[PDB]
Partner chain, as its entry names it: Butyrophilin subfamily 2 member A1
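Before any questions on how it binds or moves, here is one chain, the form solved without the partner chain, in structure tokens.
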């Protein structure tokens, strides 16, 4: 409603571009670097330090170190996805649990209709109607990372008062093979 729109007025629209050097080798980044798909099996890519080698993750190219920013992700009719923000300084090699304590502030969908935070423990989110487009808001100085349905402005989750000192990236994760990609709205 009017509340989420005038919120949007106070946050700078970020132009998020996926970074192919960060993407786990099971992921494909599109030619326009706005969408991500999965491959049936891993591609042959370098194990460069930037790359997630266990988690099925990819980062934006640009990080945030101050200010208020937002971007929007077309999740569409996908059955599975997770999105949010992570530290520049997360562990990219080997497994770490994707939780706030490890520098991941994410939420998403599993099995078509189970929305959750990747808080520790996870928290189940009851969304009266499924989002097609998710708005992600970052306020670096307050420490808030929030998720909204970008069409009706309805709130999905906020991580409040996080203690940020680090650069933060947009992060995206997909586990499934589906016909619909995960796509950044410009």
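Residue numbers count along the first chain shown, from 1.
There is another form of the same protein, the form solved in complex with the partner chain; it is not shown, and what comes next is about it.
The putative spot formed by 88, 104 and 162 is not touched by the partner chain in the entry with it bound; no residue has a non-hydrogen atom within 4.5 angstroms of it. Using a 4.5 angstroms threshold between heavy atoms, residue 46 stays clear of the partner chain in the entry with it bound. The partner chain in the entry with it bound comes within 4.5 Å of a heavy atom belonging to residue 119.
The shortest heavy atom separation between residue 167 and the partner chain in the entry with it bound exceeds 4.5 Å. Among heavy atoms of residue 140, none comes within 4.5 Å of the partner chain in the entry with it bound. In the entry with it bound, the partner chain lies within 4.5 angstroms of at least one heavy atom of each of the following residues of 44 to 58: 54, 56, in sequence order.
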